[PDB]
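Asker:
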RNA sequence: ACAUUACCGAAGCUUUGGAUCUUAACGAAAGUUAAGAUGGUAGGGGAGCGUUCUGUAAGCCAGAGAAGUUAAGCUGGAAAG
RNA sequence: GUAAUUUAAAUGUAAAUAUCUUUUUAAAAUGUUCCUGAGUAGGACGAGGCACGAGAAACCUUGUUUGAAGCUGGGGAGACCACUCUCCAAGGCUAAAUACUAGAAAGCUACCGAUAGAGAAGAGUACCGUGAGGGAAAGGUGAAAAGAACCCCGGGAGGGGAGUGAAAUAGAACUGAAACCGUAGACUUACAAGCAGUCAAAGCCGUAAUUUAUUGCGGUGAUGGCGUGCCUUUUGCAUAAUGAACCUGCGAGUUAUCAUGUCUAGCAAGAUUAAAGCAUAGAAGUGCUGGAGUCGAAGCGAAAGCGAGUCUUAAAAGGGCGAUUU
RNA sequence: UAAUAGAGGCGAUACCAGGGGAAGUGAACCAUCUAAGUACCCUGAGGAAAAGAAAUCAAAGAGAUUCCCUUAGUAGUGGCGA
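Residue numbers (the UniProt record's numbering), protein chains in the order written: chain A, 1 to 209; chain B, 2 to 115; chain C, 1 to 145; chain D, 1 to 66.
1) Flag residue 126 of chain A as yes if its beta-carbon sits less than 8 Å from any beta-carbon of chain C, otherwise no.
2) Residue 21 of chain B: which of B/62, B/7, B/41 sits nearest, CA to CA?
3) Can you tell me whether DSSP reads residue 14 of chain A as helix, strand or coil?
4) From the beta carbon of residue 45 of chain D, is the nearest beta carbon of chain C less than 8 Å away?
5) By the three-class DSSP mapping on this structure, what secondary structure does residue 149 of chain A have?
6) Would you kindly work out how many angstroms separate the C-alpha atoms of residue 34 of chain A and residue 187 of chain A, rounded to a whole number?
7) Could you pull out every unbroken alpha helix (DSSP H) segment of at least 4 residues lying fully inside the stretch 20-100 of chain A, listed in chain order?
8) Can you name the residues that DSSP bridges to residue 2 of chain A?
9) Count the other CB atoms, across all protein chains shown, that sit within 10 Å of the CB of residue 4 of chain C; report buried if there are 16 or more and exposed otherwise.
10) So is residue 70 of chain C in contact with chain A if we call contact Cβ pairs under 8 Å?
11) Okay, do the stretch 4-17 of chain B and the stretch 146-153 of chain A touch, 3+ Cβ pairs below 8 Å being the bar?
12) One question on the structure: do residue 81 of chain C and residue 117 of chain C come within less than 8 Å of each other, judged by their Cβ atoms?
13) So which residues of chain C does residue 188 of chain A contact, with C-beta pairs closer than 7 Å?
14) Residues of chain C with a CB under 8 Å from the CB of residue 36 of chain A: which are they?
15) Using a Cβ-Cβ distance cut-off of 8 Å, determine whether residue 30 of chain A contacts chain C.
16) Determine, using beta carbons only, whether residue 15 of chain D and residue 63 of chain D come nearer to each other than 8 Å.
17) Whose C-beta lies closer than 8 Å to the C-beta of residue 1 of chain D among residues of the same chain, with five residues either side of it excluded?
18) For the alpha helix (DSSP H) containing residue 28 of chain D, name the first residue and the last one.
19) Go ahead and pull the three-state DSSP assignment for residue 20 of chain D.
20) For the beta strand (DSSP E) holding residue 2 of chain D, just list the boundary residues, first then last.
21) Check whether the Cβ atoms of residue 249 of chain A and residue 128 of chain A lie closer than 8 Å to each other.
22) Does the Cβ of residue 58 of chain A lie closer than 7 Å to at least one heavy atom of the ligand ATP?
23) For residue 47 of chain C, does the count of other Cβ atoms within 10 angstroms reach 16, so buried, or fall short, so exposed?
24) Take the Cβ of residue 95 of chain A as the centre, count every other Cβ of all protein chains shown within 10 Å, and call the residue buried at 16 or more, exposed below.
25) Mind checking whether residue 110 of chain A and residue 25 of chain A have CB atoms under 8 Å apart?
26) Straight-line CA distance for residue 128 of chain C to residue 102 of chain C?
27) How about residue 178 of chain A and residue 159 of chain A: are their beta carbons less than 8 Å apart?
28) According to DSSP, is residue 55 of chain D helix, strand or coil?
29) Quick one: measure Cβ to Cβ for residue 134 of chain C and residue 77 of chain C, integer angstroms, because I've assumed they're closer than 8 Å.
30) From the DSSP output, in three-state form, read off residue 122 of chain C for me.
31) Could you tell me which residues DSSP puts in a beta bridge with residue 123 of chain A?
32) With a threshold of 8 Å between beta-carbons, can residue 26 of chain D be considered close to chain C, or not?
33) So, does the CB of residue 54 of chain C fall closer than 8 Å to a CB anywhere in chain D?
34) Throw me the rounded Cβ distance for the residue 97 of chain A and residue 41 of chain A pair, which I believe falls under 8 Å.
35) If you drop the 5 nearest sequence neighbours on each side, which residues of the same chain put their C-beta closer than 7 Å to that of residue 66 of chain B?
36) For the structure I just gave you, are there three or more beta carbon pairs, one from the stretch 110-127 of chain A and one from the stretch 181-196 of chain A, closer than 8 Å?
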């Protein structure tokens with residue numbers, strides 16, 4: 001597909017081609033759903049824990065005799081029924097991470113990129129620039145010239161431009177991503193998506209393969 | 002991930018107590034007795050909703066039989082003549098008629114005796 | 001707001017059990033009334049309640065002869081026809097790179113499912129009589145390695 | 001790998017699986033006193049058989065991998 | 001006891017209003033009609049309500065009054081809202 | 001405080017440089033002799049460890065006994081023998097990768113928020129036992145004490161006023177329910193045998209409409225009809241079978257892996273990486289690298305072995321298990 | 001007796017090495033076996049320890065020791081019962 005390219009001051013400068021095999025695949029909402037689930041599960045620490053009968057402090061003496069007292073039978077003081085006792089079938093530390101098939105992950109990336117690029121206004125492309133001073137004023141000015149939907153803004157880069165990345169690490173609702181380190185959740189929930197043409201070309205050969 | 006917030010049991014109990022307002026003794030405030038009495042009450046309500054039809058029809062029949070005690074028509078024979086002369090009026094209607102306007106009912110009976 | 005829109009049937013819920021009468025899985029929770037099974041247990045050992053089990057009534061048959069098998073990959077004439085062409089040497093290297101076998105095994109055998117039409121050269125370890133007859137008839141060459 | 005299901009070795013040594021479900025086995029009663037048994041009986045006991053379809057599910061539980 | 005005409009009498013039958021499901025027909029489909037079929041423990045299958053946290057959410061609603069019990073009223077076929 | 005930077009007099013821990021210490025102050029090169037680890041190798045009996053329970057039972061350690069060779073050698077190659085291929089014991093050291101965190105510092109959490117969380121937000125204290133030892137319960141005023149000057153009742157406590165405060169039904173305590181105990185008002189009840197409810201229903205009271213005392217929303221209810229609390233367990237329970245003083249909190253099919261079935265997603269005669277590495281980040285990520293391995297693609301036969309056939313057999317002669325239609 | 005040198009004990013309700021070594025269970029009994037070198041006891045030090053440079057693996061051509069992924073629930077063993 002064809003796409004207009006705006007200059008860094010908000011005005012049009014040129015035109016670029018978005019390859020169809022990446023930005024115009026038929027959407028696979030199933031792959032998008034699976035990928036989002038996986039990316040957010042892999043982010044869990046999953047270190048919550050709890051003590052069973054055997055880990056609560058206390059003795060394992062029978063509190064009173066089996067028969068004759070007139071009370072309900074009991075084995076140990078830290079019985080899960082008793083107050084302060086252990087916890088039956090509580091949470092234990094566990095590994096929540098898993099790895100999706102790479103083909104499904106790739107298809108999800110293609111689908112989310114196509115879904116975002118389908119809309120002309122929310123997706124935009126800007127000619128290559130850099131913040132040589134590293135300040136934040138300049139970057140913020142560029143976003144606030146482009147972005148319109150008052151919300152999450154995701155910038156895509158074609159390299160690791162450390163100046164831009166550490167100039168944008170502090171913007172309010174900004175996420176800077178390189179082409180080869182994409183995250184489906186950020187792409188899917190981004191209400192403004194601003195890409196460089198370097199990022200466009202690197203994405204083309206990155207996902208055509 | 003502890004999921005404790007106990008704004009549920011109080012809700013169940015408040016609805017039950019709201020429906021069990023006028024009951025005698027401890028059945029109006031205690032949760033256990035109120036729930037037992039309410040649940041048997043609702044079952045009674047269903048049964049009785051079906052029974053009210055029988056009760057009212059029995060009342061209507063007795064009222065008709067009373068309004069006919071004057072004349073010499075036993076109301077089995079009255080129903081007889083009613084059907085035979087093809088008057089498809091209703092037990093409720095006849096019972097109410099014998100009270101609101103006795104002379105119309107009496108005329109119906111004269112007409113049945115044929 | 002973008003509404004992920006999960007595909008239907010992509011995640012069954014669960015069989016949460018013992019959580020009320022109305023759920024159908026109430027007090028007894030799917031276990032029945034009483035007995036051994038109502039309390040966590042079932043005697044596993046293929047058990048028939050003390051009757052001599054089937055795997056103890058029946059007799060045995062012999063060794064497995066593992067540790068001495070000559071195990072090695074099967075390749076069929078139909079596969080060769082579908083994948084190759086004239087003049088090259090069907091052997092370990094070419095079948096491996098063309099993904100007809102895996103390079104764990106190096107003692108291929110050639111079987112005769114499907115038909116082969118192309119004159120080829122073979123460097124294999126075993127060959128069935130029917131397959132080598134058909135292959136000599138089509139006009140190939142066979143070296144046993 | 002912490003908890004791989006163990007096969008039941010005494011069952012492995014007696015059962016075998018065919019390609020599409022059936023279970024092959026060796027018949028009993030041909031191991032011991034054999035003079036009295038009729039020749040046709042012995043000949044039938046020699047040849048191997050297949051189990052009834054009622055045991056196949058339990059056997060598939062006993063042999064989780066084979 | 002034997003005759004004549006009856007009536008009463010169940011959640012049965014019939015009729016009225018409403019809902020779900022199966023089958024069939026119509027309809028592009030949605031659905032609209034016709035037929036019947038829905039007591040139910042064990043137990044099997046299927047469809048939902050509600051609680052807490054997480055992403056959505058640097059969103060929205062709150063000191064001009066959040067959350068929570070608390071009086072009354074109302075809606076949904078049930079969980080309830 | 002946080003980002004990126006950055007304080008070291010003194011002390012502690014690290015390398016690098018010399019100093020210092022030590023060593024070679026030489027090697028390529030043929031055959032005769034010497035030595036090359038001795039109660040040791042091995043064997044007999046009794047045991048243990050090797051996955052391997054005497055089994056054909058190697059091999060290693062080892063208790064009781066016995067007992068060698070000296071490179072022209074010896075050990076091992078799962079009884080043993082021969083050949084062959086490897087290795088050279090019976091002397092002594094060795095960092096790293098690996099196990100562990102009582103703790104120290106810097107951080108994180110689909111971890112907890114006072115019956116939770118360490119037993120312990122106050123602690124192994126109070127208390128119990130001769131001792132070993134066992135073992136609790138108790139968090140919250142207000143934004144700030146700005147802790148109610150003074151006055152009245154009372155011995156005080158406490159309350160009523162006056163003041164502080166946005167609030168004093170905020171005054172040693174936030175939000176303050178249920179169980180429980182009350183006060184006041186309305187209605188009903190002392191001729192009656194009510195699982196306390198439901199279906200009808202006069203009268204009284206509250207209230208809205210209809211010009212106004214007859215219809216509804218309501219609370220009480222004379223009287224009539226029906227009705228053996230619930231849970232669990234049994235062929236079968238109101239049963240005089242079992243269980244609960246009430247109320248409020250706490251209080252049970254979970255997690256990790258394997259087998260198998262189904263659903264969803266993806267690829268396809270192929271599918272898929274595990275460990276682990278690199279890069280960026282500091283962001284227990286996720287993008288690559290990594291195909292060793294596993295499951296299909298040919299099965300049959302105890303196996304050798306043969307193969308769309310194989311086995312049973314002289315026999316496809318008939319069948320058993322397959323398939324050509326995955 | 002003299003001379004110096006190294007140790008005594010505590011700490012880690014952790015880890016490692018050596019010695020001693022059960023019982024509740026499963027096998028629906030039990031006596032083999034299993035649990036299991038598990039708990040625990042005792043002797044030693046370390047920050048890691050132990051082990052560590054082949055009279056070895058093993059029929060492949062490799063080359064110290066240790067820790068992972070696979071091989072693999074495979075090869076064998078087992079009142080061939082578990």
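For every residue, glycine included, the Cβ atom is placed at its ideal position computed from N, Cα and C.
Answerer: The answer reads as follows:
1) By one-based count along the first chain, residue 126 of chain A stands at place 126. It does not: the Cβ of residue 126 of chain A has no partner Cβ on chain C nearer than 8 Å.
2) Here residue 21 of chain B corresponds to residue number 20 of the second chain, with the count starting at 1. Residue B/41 is the option with its Cα nearest to residue 21 of chain B.
3) For the purposes of this step, residue 14 of chain A is identified with residue 14 of the first chain, where counting begins at 1. Here residue 14 of chain A sits in strand by DSSP.
4) Position 45 of the fourth chain, counted from the start, is the residue given in the question as residue 45 of chain D. Judged by the 8 Å Cβ criterion, residue 45 of chain D is not in contact with chain C.
5) Start at 1 with the first residue of the first chain, and residue 149 of chain A comes out as number 149. In the structure shown, the three-state DSSP call for residue 149 of chain A is coil.
6) The residue given as residue 34 of chain A occupies position 34 in the first chain. The residue given as residue 187 of chain A occupies position 187 in the first chain. Spanning the alpha carbons of residue 34 of chain A and residue 187 of chain A requires a straight line of approximately 14 Å.
7) Annotation note: the stretch 20-100 of chain A contains the following uninterrupted alpha helix (DSSP H) runs of length 4 or greater, listed N- to C-terminal: 20-23, 29-41.
8) Within the first chain, numbered from 1, the residue matching residue 2 of chain A stands at position 2. Beta-bridge pairing links residue 2 of chain A to A/17.
9) Position 4 of the third chain, counted from the first residue, corresponds to residue 4 of chain C. Flag for residue 4 of chain C reads exposed.
10) In the third chain, the residue the question calls residue 70 of chain C occupies position 70. No - not a single Cβ of chain A is within 8 Å of the one on residue 70 of chain C.
11) Short answer: they don't touch.
12) Taking the third chain and counting its residues from 1, the one referred to as residue 81 of chain C is at position 81. Taking the third chain and counting its residues from 1, the one referred to as residue 117 of chain C is at position 117. For residue 81 of chain C and residue 117 of chain C, yes; Cβs fall inside 8 Å.
13) Here residue 188 of chain A is taken as the residue at index 188 of the first chain, counted from 1. Those are 2, listed as they occur along chain C.
14) Working through the first chain from its first residue, we reach residue 36 of chain A at position 36. Around residue 36 of chain A, the beta-carbon contacts reaching into chain C at under 8 Å are 4.
15) The count along the first chain starts at 1 and reaches residue 30 of chain A at position 30. At a cut-off of 8 Å between beta-carbon atoms, residue 30 of chain A makes contact with chain C.
16) Against the fourth chain, residue 15 of chain D aligns to sequence position 15. Against the fourth chain, residue 63 of chain D aligns to sequence position 63. Yes; because the gap between Cβ atoms is below 8 Å, this pair is in contact.
17) As a first step, residue 1 of chain D must be located in the fourth chain, where it is residue number 1. Contacts found: none.
18) Here residue 28 of chain D refers to the residue found at position 28 when the fourth chain is read from its first residue. It is not in any alpha helix (DSSP H) - residue 28 of chain D carries neither H nor E in the DSSP assignment.
19) Mapped onto the fourth chain, residue 20 of chain D falls at position 20. Residue state for residue 20 of chain D is assigned as coil, using DSSP reduced to three classes.
20) Counted from its first residue, the fourth chain places residue 2 of chain D at position 2. Per DSSP, residue 2 of chain D belongs to no beta strand (DSSP E) and is neither H nor E.
21) Since the displayed chain A opens at 1 and closes at 209, residue 249 of chain A lies outside it and no answer follows.
22) Looking at this structure, you won't find the ligand ATP or any other ligand, since it has none at all.
23) Position 47 of the third chain holds residue 47 of chain C. The residue in question, residue 47 of chain C, is exposed, as its Cβ has fewer than 16 Cβ neighbours within 10 Å.
24) On the first chain, position 95 is the one that residue 95 of chain A refers to. It is exposed - the Cβ of residue 95 of chain A has fewer than 16 other Cβ atoms within 10 Å.
25) For the purposes of this step, residue 110 of chain A is taken as the residue at position 110 of the first chain. For the purposes of this step, residue 25 of chain A is taken as the residue at position 25 of the first chain. Contact annotation: residue 110 of chain A and residue 25 of chain A have beta-carbon atoms nearer than 8 Å.
26) Position 128 of the third chain, counted from the first residue, corresponds to residue 128 of chain C. Position 102 of the third chain, counted from the first residue, corresponds to residue 102 of chain C. Near 21 Å, if we compare the C-alpha coordinates of residue 102 of chain C and residue 128 of chain C.
27) Taking the first residue of the first chain as position 1, residue 178 of chain A is located at position 178. Taking the first residue of the first chain as position 1, residue 159 of chain A is located at position 159. Yes, the pair counts as a contact, with Cβ atoms nearer than the cut-off.
28) Here residue 55 of chain D is taken as the residue at index 55 of the fourth chain, counted from 1. Three-state result, residue 55 of chain D: coil.
29) Position 134 of the third chain, counted from the first residue, corresponds to residue 134 of chain C. Position 77 of the third chain, counted from the first residue, corresponds to residue 77 of chain C. The pair is a contact, with the Cβ atoms about 7 Å apart (cut-off 8 Å).
30) Walking along the third chain from the start, residue 122 of chain C turns up at place 122. For residue 122 of chain C, the three-state secondary structure derived from DSSP is strand.
31) The count along the first chain starts at 1 and reaches residue 123 of chain A at position 123. Note: residue 123 of chain A is bridge-paired with A/193 in the DSSP secondary-structure output.
32) On the fourth chain, position 26 is the one that residue 26 of chain D refers to. Yes, residue 26 of chain D lies at the interface with chain C (some Cβ there is under 8 Å from its Cβ).
33) If you number the third chain from 1, residue 54 of chain C lands on position 54. Yes, because at least one Cβ of chain D sits closer than 8 Å to the Cβ of residue 54 of chain C.
34) In the first chain, counting from the first residue as 1, residue 97 of chain A sits at position 97. In the first chain, counting from the first residue as 1, residue 41 of chain A sits at position 41. Right, their Cβ atoms sit about 7 Å apart.
35) Taking the first residue of the second chain as position 1, residue 66 of chain B is located at position 65. So the qualifying residues of the chain are 76.
36) With the cut-off at 8 Å, the stretch 110-127 of chain A and the stretch 181-196 of chain A touch.
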